[PDB]
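Source file: input08.cif (mmCIF, C-alpha atoms)
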data_model
#
loop_
_atom_site.group_PDB
_atom_site.id
_atom_site.type_symbol
_atom_site.label_atom_id
_atom_site.label_comp_id
_atom_site.auth_asym_id
_atom_site.auth_seq_id
_atom_site.Cartn_x
_atom_site.Cartn_y
_atom_site.Cartn_z
ATOM 1 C CA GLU A 1 291.258 -65.649 -126.474
ATOM 2 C CA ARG A 2 292.325 -69.302 -126.484
ATOM 3 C CA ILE A 3 295.705 -68.439 -124.955
ATOM 4 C CA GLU A 4 294.213 -66.152 -122.306
ATOM 5 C CA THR A 5 291.688 -68.828 -121.321
ATOM 6 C CA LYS A 6 294.571 -71.112 -120.352
ATOM 7 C CA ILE A 7 295.906 -68.283 -118.173
ATOM 8 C CA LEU A 8 292.710 -68.325 -116.114
ATOM 9 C CA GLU A 9 292.942 -72.111 -115.786
ATOM 10 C CA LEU A 10 296.335 -71.808 -114.092
ATOM 11 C CA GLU A 11 295.142 -68.745 -112.174
ATOM 12 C CA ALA A 12 292.020 -70.532 -110.928
ATOM 13 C CA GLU A 13 294.130 -73.399 -109.572
ATOM 14 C CA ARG A 14 296.243 -71.279 -107.211
ATOM 15 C CA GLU A 15 293.278 -70.170 -105.100
ATOM 16 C CA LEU A 16 292.007 -73.753 -104.971
ATOM 17 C CA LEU A 17 295.390 -75.186 -103.969
ATOM 18 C CA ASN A 18 296.084 -72.135 -101.763
ATOM 19 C CA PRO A 19 292.686 -71.132 -100.351
ATOM 20 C CA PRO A 20 292.706 -67.362 -99.813
ATOM 21 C CA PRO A 21 292.303 -66.298 -96.179
ATOM 22 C CA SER A 22 288.677 -65.589 -95.405
ATOM 23 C CA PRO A 23 287.594 -61.923 -95.341
ATOM 24 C CA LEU A 24 287.226 -62.436 -91.591
ATOM 25 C CA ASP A 25 290.969 -62.340 -90.917
ATOM 26 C CA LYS A 26 291.490 -59.240 -93.066
ATOM 27 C CA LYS A 27 289.435 -56.963 -90.824
ATOM 28 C CA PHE A 28 290.819 -58.437 -87.598
ATOM 29 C CA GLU A 29 294.438 -57.810 -88.593
ATOM 30 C CA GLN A 30 293.499 -54.393 -89.972
ATOM 31 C CA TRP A 31 291.518 -53.756 -86.787
ATOM 32 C CA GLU A 32 294.473 -55.021 -84.747
ATOM 33 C CA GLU A 33 297.081 -53.302 -86.930
ATOM 34 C CA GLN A 34 295.747 -49.829 -86.125
ATOM 35 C CA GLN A 35 296.021 -50.593 -82.408
ATOM 36 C CA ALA A 36 299.531 -51.978 -82.903
ATOM 37 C CA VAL A 37 300.698 -48.727 -84.500
ATOM 38 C CA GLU A 38 298.508 -46.526 -82.293
ATOM 39 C CA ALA A 39 299.297 -48.312 -79.026
ATOM 40 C CA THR A 40 302.999 -48.349 -79.894
ATOM 41 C CA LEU A 41 302.769 -44.744 -81.093
ATOM 42 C CA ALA A 42 300.755 -43.841 -77.991
ATOM 43 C CA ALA A 43 303.971 -44.587 -76.112
ATOM 44 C CA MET A 44 305.920 -42.647 -78.751
ATOM 45 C CA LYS A 45 303.899 -39.482 -78.141
ATOM 46 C CA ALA A 46 304.008 -40.204 -74.397
ATOM 47 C CA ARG A 47 307.704 -41.042 -73.999
ATOM 48 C CA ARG A 48 308.769 -37.860 -75.805
ATOM 49 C CA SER A 49 306.122 -35.755 -74.031
ATOM 50 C CA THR B 1 318.670 -68.821 -86.479
ATOM 51 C CA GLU B 2 319.723 -66.703 -83.494
ATOM 52 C CA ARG B 3 321.758 -64.365 -85.706
ATOM 53 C CA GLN B 4 318.830 -63.650 -88.032
ATOM 54 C CA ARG B 5 316.571 -62.688 -85.126
ATOM 55 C CA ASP B 6 319.198 -60.258 -83.829
ATOM 56 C CA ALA B 7 319.672 -58.753 -87.296
ATOM 57 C CA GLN B 8 315.950 -58.252 -87.909
ATOM 58 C CA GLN B 9 315.390 -56.426 -84.616
ATOM 59 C CA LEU B 10 318.320 -54.157 -85.480
ATOM 60 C CA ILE B 11 316.587 -53.209 -88.736
ATOM 61 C CA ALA B 12 313.482 -52.302 -86.747
ATOM 62 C CA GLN B 13 315.749 -50.720 -84.134
ATOM 63 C CA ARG B 14 317.258 -48.461 -86.796
ATOM 64 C CA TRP B 15 313.739 -47.599 -87.947
ATOM 65 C CA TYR B 16 312.764 -47.113 -84.300
ATOM 66 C CA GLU B 17 315.923 -45.117 -83.594
ATOM 67 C CA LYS B 18 315.327 -43.202 -86.820
ATOM 68 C CA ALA B 19 311.618 -42.932 -85.992
ATOM 69 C CA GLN B 20 312.605 -40.889 -82.934
ATOM 70 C CA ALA B 21 313.816 -38.119 -85.244
ATOM 71 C CA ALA B 22 310.985 -38.665 -87.736
ATOM 72 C CA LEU B 23 308.403 -38.069 -85.009
ATOM 73 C CA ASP B 24 310.568 -35.191 -83.779
ATOM 74 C CA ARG B 25 309.813 -31.607 -84.860
ATOM 75 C CA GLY B 26 306.098 -32.422 -85.113
ATOM 76 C CA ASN B 27 306.368 -34.222 -88.475
ATOM 77 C CA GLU B 28 304.018 -36.995 -87.398
ATOM 78 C CA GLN B 29 303.157 -38.222 -90.904
ATOM 79 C CA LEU B 30 306.742 -39.378 -91.448
ATOM 80 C CA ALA B 31 306.607 -41.261 -88.144
ATOM 81 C CA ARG B 32 303.191 -42.725 -88.992
ATOM 82 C CA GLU B 33 304.499 -44.451 -92.119
ATOM 83 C CA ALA B 34 307.800 -45.431 -90.491
ATOM 84 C CA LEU B 35 306.216 -47.478 -87.700
ATOM 85 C CA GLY B 36 303.938 -49.208 -90.196
ATOM 86 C CA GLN B 37 307.051 -50.534 -91.921
ATOM 87 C CA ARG B 38 308.410 -51.682 -88.550
ATOM 88 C CA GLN B 39 305.461 -53.976 -87.807
ATOM 89 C CA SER B 40 306.418 -56.190 -90.755
ATOM 90 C CA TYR B 41 309.806 -56.877 -89.162
ATOM 91 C CA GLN B 42 308.282 -57.181 -85.681
ATOM 92 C CA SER B 43 305.994 -60.023 -86.759
ATOM 93 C CA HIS B 44 308.946 -61.913 -88.246
ATOM 94 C CA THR B 45 311.011 -61.282 -85.109
ATOM 95 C CA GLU B 46 308.405 -62.857 -82.825
ATOM 96 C CA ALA B 47 308.180 -66.030 -84.915
ATOM 97 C CA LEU B 48 311.931 -66.656 -84.741
ATOM 98 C CA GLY B 49 312.095 -66.079 -80.988
ATOM 99 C CA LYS B 50 309.505 -68.798 -80.455
ATOM 100 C CA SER B 51 311.533 -71.088 -82.726
ATOM 101 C CA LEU B 52 314.707 -70.422 -80.728
ATOM 102 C CA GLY B 53 313.088 -71.446 -77.449
ATOM 103 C CA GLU B 54 311.670 -74.760 -78.648
ATOM 104 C CA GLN B 55 314.962 -75.701 -80.321
ATOM 105 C CA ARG B 56 316.622 -75.446 -76.900
ATOM 106 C CA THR C 1 296.659 -88.204 -82.444
ATOM 107 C CA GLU C 2 297.833 -86.422 -79.290
ATOM 108 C CA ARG C 3 299.714 -83.802 -81.314
ATOM 109 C CA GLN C 4 296.659 -82.887 -83.393
ATOM 110 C CA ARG C 5 294.540 -82.313 -80.286
ATOM 111 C CA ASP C 6 297.193 -79.993 -78.848
ATOM 112 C CA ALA C 7 297.464 -78.090 -82.136
ATOM 113 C CA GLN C 8 293.708 -77.600 -82.502
ATOM 114 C CA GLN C 9 293.291 -76.177 -78.997
ATOM 115 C CA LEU C 10 296.138 -73.763 -79.735
ATOM 116 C CA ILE C 11 294.225 -72.484 -82.769
ATOM 117 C CA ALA C 12 291.213 -71.877 -80.536
ATOM 118 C CA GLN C 13 293.588 -70.559 -77.873
ATOM 119 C CA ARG C 14 294.922 -67.977 -80.327
ATOM 120 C CA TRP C 15 291.337 -67.063 -81.194
ATOM 121 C CA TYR C 16 290.543 -67.021 -77.472
ATOM 122 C CA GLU C 17 293.704 -65.054 -76.696
ATOM 123 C CA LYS C 18 292.913 -62.792 -79.645
ATOM 124 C CA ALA C 19 289.248 -62.697 -78.608
ATOM 125 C CA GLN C 20 290.361 -61.000 -75.387
ATOM 126 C CA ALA C 21 291.409 -57.957 -77.416
ATOM 127 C CA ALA C 22 288.461 -58.273 -79.812
ATOM 128 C CA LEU C 23 286.015 -58.050 -76.909
ATOM 129 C CA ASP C 24 288.196 -55.287 -75.463
ATOM 130 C CA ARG C 25 287.332 -51.618 -76.081
ATOM 131 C CA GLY C 26 283.621 -52.478 -76.242
ATOM 132 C CA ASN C 27 283.746 -53.874 -79.801
ATOM 133 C CA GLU C 28 281.496 -56.799 -78.937
ATOM 134 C CA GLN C 29 280.474 -57.634 -82.515
ATOM 135 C CA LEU C 30 284.043 -58.643 -83.367
ATOM 136 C CA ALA C 31 284.108 -60.897 -80.301
ATOM 137 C CA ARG C 32 280.675 -62.325 -81.143
ATOM 138 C CA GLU C 33 281.846 -63.651 -84.509
ATOM 139 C CA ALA C 34 285.242 -64.743 -83.171
ATOM 140 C CA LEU C 35 283.835 -67.129 -80.563
ATOM 141 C CA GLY C 36 281.458 -68.608 -83.127
ATOM 142 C CA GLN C 37 284.497 -69.662 -85.144
ATOM 143 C CA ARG C 38 286.045 -71.160 -82.001
ATOM 144 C CA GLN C 39 283.174 -73.587 -81.385
ATOM 145 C CA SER C 40 284.011 -75.426 -84.613
ATOM 146 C CA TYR C 41 287.487 -76.221 -83.280
ATOM 147 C CA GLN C 42 286.150 -76.954 -79.787
ATOM 148 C CA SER C 43 283.853 -79.702 -81.072
ATOM 149 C CA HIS C 44 286.752 -81.345 -82.913
ATOM 150 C CA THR C 45 288.967 -81.036 -79.830
ATOM 151 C CA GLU C 46 286.507 -82.918 -77.618
ATOM 152 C CA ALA C 47 286.222 -85.834 -80.049
ATOM 153 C CA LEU C 48 289.987 -86.397 -80.134
ATOM 154 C CA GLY C 49 290.336 -86.251 -76.353
ATOM 155 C CA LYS C 50 287.818 -89.067 -76.011
ATOM 156 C CA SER C 51 289.761 -91.038 -78.630
ATOM 157 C CA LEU C 52 293.024 -90.540 -76.728
ATOM 158 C CA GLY C 53 291.591 -91.968 -73.514
ATOM 159 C CA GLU C 54 290.164 -95.151 -75.017
ATOM 160 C CA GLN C 55 293.379 -95.824 -76.949
ATOM 161 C CA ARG C 56 295.211 -95.930 -73.608
ATOM 162 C CA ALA D 1 292.451 -110.065 -97.870
ATOM 163 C CA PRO D 2 290.204 -107.094 -96.966
ATOM 164 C CA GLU D 3 293.198 -105.216 -95.571
ATOM 165 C CA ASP D 4 294.702 -104.564 -99.009
ATOM 166 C CA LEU D 5 291.303 -103.339 -100.210
ATOM 167 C CA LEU D 6 291.251 -100.644 -97.519
ATOM 168 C CA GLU D 7 294.456 -99.101 -98.866
ATOM 169 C CA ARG D 8 293.444 -99.631 -102.499
ATOM 170 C CA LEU D 9 289.975 -98.103 -102.110
ATOM 171 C CA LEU D 10 291.352 -94.866 -100.661
ATOM 172 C CA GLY D 11 293.850 -94.677 -103.514
ATOM 173 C CA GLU D 12 290.954 -94.825 -105.961
ATOM 174 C CA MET D 13 289.234 -92.163 -103.852
ATOM 175 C CA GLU D 14 292.342 -89.978 -104.063
ATOM 176 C CA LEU D 15 292.226 -90.084 -107.867
ATOM 177 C CA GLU D 16 288.598 -88.940 -107.807
ATOM 178 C CA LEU D 17 289.409 -86.178 -105.315
ATOM 179 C CA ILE D 18 292.060 -84.739 -107.632
ATOM 180 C CA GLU D 19 289.688 -85.358 -110.546
ATOM 181 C CA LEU D 20 287.031 -83.308 -108.762
ATOM 182 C CA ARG D 21 289.782 -80.912 -107.679
ATOM 183 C CA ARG D 22 290.670 -80.187 -111.308
ATOM 184 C CA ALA D 23 287.002 -80.028 -112.321
ATOM 185 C CA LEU D 24 286.231 -77.174 -109.925
ATOM 186 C CA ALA D 25 288.909 -74.962 -111.481
ATOM 187 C CA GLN D 26 287.287 -75.512 -114.879
ATOM 188 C CA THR D 27 284.044 -74.100 -113.478
ATOM 189 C CA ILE D 28 286.026 -71.186 -112.036
ATOM 190 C CA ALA D 29 287.818 -70.737 -115.364
ATOM 191 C CA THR D 30 284.620 -70.178 -117.348
ATOM 192 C CA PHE D 31 283.261 -67.933 -114.587
ATOM 193 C CA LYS D 32 286.115 -65.448 -115.010
ATOM 194 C CA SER D 33 285.712 -65.438 -118.796
ATOM 195 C CA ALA E 1 267.675 -57.710 -150.819
ATOM 196 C CA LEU E 2 268.929 -61.303 -150.973
ATOM 197 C CA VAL E 3 272.491 -60.403 -149.985
ATOM 198 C CA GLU E 4 271.265 -58.150 -147.167
ATOM 199 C CA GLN E 5 268.803 -60.640 -145.675
ATOM 200 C CA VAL E 6 271.137 -63.637 -145.985
ATOM 201 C CA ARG E 7 273.878 -61.761 -144.131
ATOM 202 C CA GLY E 8 271.450 -61.043 -141.302
ATOM 203 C CA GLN E 9 270.886 -64.778 -140.939
ATOM 204 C CA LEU E 10 274.643 -65.356 -140.843
ATOM 205 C CA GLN E 11 275.114 -62.409 -138.481
ATOM 206 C CA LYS E 12 272.452 -63.774 -136.124
ATOM 207 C CA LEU E 13 273.465 -67.429 -136.462
ATOM 208 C CA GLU E 14 277.116 -66.860 -135.549
ATOM 209 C CA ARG E 15 276.144 -65.110 -132.311
ATOM 210 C CA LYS E 16 274.032 -68.096 -131.262
ATOM 211 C CA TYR E 17 276.786 -70.600 -132.075
ATOM 212 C CA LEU E 18 279.272 -69.197 -129.559
ATOM 213 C CA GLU E 19 276.487 -68.757 -126.997
ATOM 214 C CA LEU E 20 275.864 -72.512 -126.978
ATOM 215 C CA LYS E 21 279.607 -73.131 -126.661
ATOM 216 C CA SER E 22 279.671 -71.068 -123.460
ATOM 217 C CA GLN E 23 277.092 -73.352 -121.831
ATOM 218 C CA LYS E 24 278.792 -76.470 -123.225
ATOM 219 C CA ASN E 25 281.599 -76.439 -120.655
ATOM 220 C CA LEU E 26 279.361 -75.137 -117.863
ATOM 221 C CA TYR E 27 277.088 -78.186 -117.943
ATOM 222 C CA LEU E 28 279.999 -80.544 -118.626
ATOM 223 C CA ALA E 29 281.831 -79.248 -115.550
ATOM 224 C CA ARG E 30 278.778 -79.716 -113.329
ATOM 225 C CA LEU E 31 278.280 -83.256 -114.630
ATOM 226 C CA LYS E 32 281.884 -84.184 -113.841
ATOM 227 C CA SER E 33 281.618 -82.674 -110.356
ATOM 228 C CA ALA E 34 278.622 -84.855 -109.492
ATOM 229 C CA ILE E 35 280.188 -87.889 -111.188
ATOM 230 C CA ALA E 36 283.347 -87.550 -109.099
ATOM 231 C CA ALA E 37 281.314 -86.844 -105.956
ATOM 232 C CA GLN E 38 278.869 -89.661 -106.741
ATOM 233 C CA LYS E 39 281.397 -92.467 -106.275
ATOM 234 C CA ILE E 40 283.318 -91.186 -103.241
ATOM 235 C CA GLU E 41 280.274 -91.277 -100.967
ATOM 236 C CA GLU E 42 279.384 -94.690 -102.400
ATOM 237 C CA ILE E 43 282.799 -95.941 -101.269
ATOM 238 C CA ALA E 44 282.207 -94.373 -97.853
ATOM 239 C CA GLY E 45 278.813 -96.067 -97.696
ATOM 240 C CA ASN E 46 280.479 -99.329 -98.699
ATOM 241 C CA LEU E 47 283.398 -98.592 -96.339
ATOM 242 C CA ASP E 48 282.098 -96.850 -93.204
ATOM 243 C CA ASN E 49 278.292 -97.273 -93.169
ATOM 244 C CA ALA E 50 277.590 -99.062 -89.898
ATOM 245 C CA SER E 51 275.125 -101.426 -91.601
ATOM 246 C CA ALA E 52 277.783 -103.459 -93.446
ATOM 247 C CA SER E 53 280.965 -101.401 -93.069
ATOM 248 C CA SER E 54 283.803 -103.269 -94.777
ATOM 249 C CA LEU E 55 286.230 -101.135 -92.755
ATOM 250 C CA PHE E 56 285.143 -101.582 -89.129
ATOM 251 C CA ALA F 1 293.763 -46.028 -159.316
ATOM 252 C CA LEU F 2 294.947 -49.633 -158.990
ATOM 253 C CA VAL F 3 298.474 -48.679 -157.929
ATOM 254 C CA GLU F 4 297.157 -46.095 -155.457
ATOM 255 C CA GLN F 5 294.572 -48.357 -153.817
ATOM 256 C CA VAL F 6 296.855 -51.406 -153.659
ATOM 257 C CA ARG F 7 299.540 -49.369 -151.895
ATOM 258 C CA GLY F 8 296.990 -48.291 -149.296
ATOM 259 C CA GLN F 9 296.329 -51.949 -148.535
ATOM 260 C CA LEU F 10 300.065 -52.570 -148.178
ATOM 261 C CA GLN F 11 300.479 -49.376 -146.151
ATOM 262 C CA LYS F 12 297.676 -50.417 -143.794
ATOM 263 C CA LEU F 13 298.628 -54.102 -143.656
ATOM 264 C CA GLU F 14 302.240 -53.487 -142.626
ATOM 265 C CA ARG F 15 301.145 -51.358 -139.666
ATOM 266 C CA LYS F 16 298.921 -54.171 -138.391
ATOM 267 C CA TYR F 17 301.659 -56.794 -138.767
ATOM 268 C CA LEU F 18 304.046 -55.146 -136.304
ATOM 269 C CA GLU F 19 301.147 -54.369 -133.957
ATOM 270 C CA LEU F 20 300.445 -58.086 -133.539
ATOM 271 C CA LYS F 21 304.154 -58.721 -132.959
ATOM 272 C CA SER F 22 304.102 -56.302 -130.018
ATOM 273 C CA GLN F 23 301.399 -58.343 -128.272
ATOM 274 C CA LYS F 24 303.099 -61.626 -129.209
ATOM 275 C CA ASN F 25 305.775 -61.340 -126.518
ATOM 276 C CA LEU F 26 303.430 -59.689 -124.013
ATOM 277 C CA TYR F 27 301.100 -62.692 -123.859
ATOM 278 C CA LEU F 28 303.991 -65.158 -124.114
ATOM 279 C CA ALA F 29 305.695 -63.541 -121.117
ATOM 280 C CA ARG F 30 302.526 -63.702 -119.018
ATOM 281 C CA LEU F 31 302.018 -67.361 -119.927
ATOM 282 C CA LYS F 32 305.559 -68.247 -118.852
ATOM 283 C CA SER F 33 305.152 -66.338 -115.582
ATOM 284 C CA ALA F 34 302.071 -68.358 -114.629
ATOM 285 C CA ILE F 35 303.655 -71.591 -115.881
ATOM 286 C CA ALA F 36 306.713 -71.061 -113.685
ATOM 287 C CA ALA F 37 304.542 -69.964 -110.753
ATOM 288 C CA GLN F 38 302.080 -72.816 -111.333
ATOM 289 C CA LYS F 39 304.522 -75.587 -110.418
ATOM 290 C CA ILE F 40 306.317 -73.992 -107.457
ATOM 291 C CA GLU F 41 303.163 -73.773 -105.347
ATOM 292 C CA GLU F 42 302.273 -77.315 -106.422
ATOM 293 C CA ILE F 43 305.601 -78.478 -104.979
ATOM 294 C CA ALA F 44 304.873 -76.515 -101.803
ATOM 295 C CA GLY F 45 301.441 -78.128 -101.627
ATOM 296 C CA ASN F 46 303.085 -81.508 -102.161
ATOM 297 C CA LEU F 47 305.898 -80.547 -99.753
ATOM 298 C CA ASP F 48 304.481 -78.434 -96.912
ATOM 299 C CA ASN F 49 300.670 -78.791 -97.024
ATOM 300 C CA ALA F 50 299.769 -80.179 -93.609
ATOM 301 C CA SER F 51 297.342 -82.687 -95.154
ATOM 302 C CA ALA F 52 300.045 -84.959 -96.613
ATOM 303 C CA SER F 53 303.247 -82.920 -96.311
ATOM 304 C CA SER F 54 306.126 -85.018 -97.644
ATOM 305 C CA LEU F 55 308.495 -82.700 -95.759
ATOM 306 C CA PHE F 56 307.220 -82.707 -92.166
#
What is this structure when it is put down as structure tokens?
Amino acid sequence: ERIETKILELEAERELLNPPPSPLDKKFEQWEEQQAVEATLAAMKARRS
Amino acid sequence: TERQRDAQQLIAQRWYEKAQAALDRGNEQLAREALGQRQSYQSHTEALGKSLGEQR
Amino acid sequence: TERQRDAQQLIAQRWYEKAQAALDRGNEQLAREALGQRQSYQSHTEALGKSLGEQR
Amino acid sequence: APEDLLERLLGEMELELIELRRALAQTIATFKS
Amino acid sequence: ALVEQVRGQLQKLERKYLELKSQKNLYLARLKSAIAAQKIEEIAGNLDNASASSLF
Amino acid sequence: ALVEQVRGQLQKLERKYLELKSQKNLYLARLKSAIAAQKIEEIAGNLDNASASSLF
């Protein structure tokens, strides 16, 4: 318990010193990532067909 | 820096060149995953190319 | 001071350049939120530009 | 000379910022527990 | 009866003791946050406040 | 009865002793991992962080 508490202390600092990207960016990249694969793959299915 | 950019695109190129056969024969699922791996290298490739130009 | 102003507009420019695709395909809601984020950088950009001129 | 105060005051502010910086993690630490 | 009832007191008391300890740090952390934040704005008021800004 | 019961205590106690030893290294390893990872990002924050990057 006392040891594991210190683990959280170090863990809590990383997010503070390295603020996690907001949940905004996650959906945009995921939203964009599907188009990146699909748009690129759209050519894949088109170039071969 | 120039060499690394060329090497990274080749890795994606091999995946892309390989992906041609993976998509071939109708086995789309193999191609689906393969291109997803490529995007990781593509993002790195773009960053270096911008760095090369400004260094000029 | 000049460098910071250029950097901030680029951040908004990437959002604006990205916002072109976000608004694309009819997904307005994504564009709606994106431009709201831009205004925060736009306000900062204007303040610096005024500071640059007076410093001249 | 007020000029030296300007630099010194911010230095004291920086210590408080890190002091507050560390304090926030403590609140986060107990939250996880 | 005495040994049973006395244990119940100890059993109940120990649970309360750790409960207070949990709130001990919570209130201490909040106090420090305000204490640190209390002075910084005071310096800004003594530094930037247009009334008698030592800075400008 | 005394020799039988006392052995049971020893039989049970020994099993617990090694059980704690198994978790001894597990928690020690995790602590070291965070400790090593704690400083490296602090250097990066002191080195790269755009606020007061000593590097750039």
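Going from atom CA of residue B:5 over to atom CA of residue B:36, you cover 19.2 Å.
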At most 12 Å is the cut-off: for each residue in chain A with any atom that close to an atom of chain D, write down the nearest atom pair and the distance in Å rounded to one decimal, counting only C-alpha atoms, chain first then increasing number, as CSV.
residue,atom,partner,partner_atom,distance
A:1,CA,D:33,CA,9.5
A:2,CA,D:33,CA,10.9
A:4,CA,D:33,CA,9.2
A:5,CA,D:33,CA,7.3
A:6,CA,D:29,CA,8.4
A:7,CA,D:29,CA,8.9
A:8,CA,D:29,CA,5.5
A:9,CA,D:29,CA,5.3
A:10,CA,D:25,CA,8.5
A:11,CA,D:29,CA,8.2
A:12,CA,D:25,CA,5.4
A:13,CA,D:25,CA,5.8
A:14,CA,D:25,CA,9.3
A:15,CA,D:25,CA,9.1
A:16,CA,D:25,CA,7.3
A:17,CA,D:21,CA,8.8
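Atom to atom, atom CA of residue B:1 and atom CA of residue B:38 stand 20.1 Å apart.
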Could you give me, as JSON lines, a per-residue list for chain D showing, wherever an atom lies at most 7 Å from an atom of chain E, the closest pair of atoms and their distance in Å to one decimal, using all atoms listed in the file and sorting by chain then residue number from low to high?
{"residue": "D:6", "atom": "CA", "partner": "E:55", "partner_atom": "CA", "distance": 6.9}
{"residue": "D:13", "atom": "CA", "partner": "E:40", "partner_atom": "CA", "distance": 6.0}
{"residue": "D:16", "atom": "CA", "partner": "E:36", "partner_atom": "CA", "distance": 5.6}
{"residue": "D:19", "atom": "CA", "partner": "E:36", "partner_atom": "CA", "distance": 6.9}
{"residue": "D:20", "atom": "CA", "partner": "E:36", "partner_atom": "CA", "distance": 5.6}
{"residue": "D:23", "atom": "CA", "partner": "E:29", "partner_atom": "CA", "distance": 6.1}
{"residue": "D:26", "atom": "CA", "partner": "E:29", "partner_atom": "CA", "distance": 6.6}
{"residue": "D:27", "atom": "CA", "partner": "E:29", "partner_atom": "CA", "distance": 6.0}
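From atom CA of residue B:41 back to atom CA of residue B:11, the distance works out to 7.7 Å.
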Given the file above and the PyMOL selection byres ((chain C and resi 8) around 12), which residues are selected, and can you give them as a ChimeraX atom specification? /C:1-7,9-15,38-49
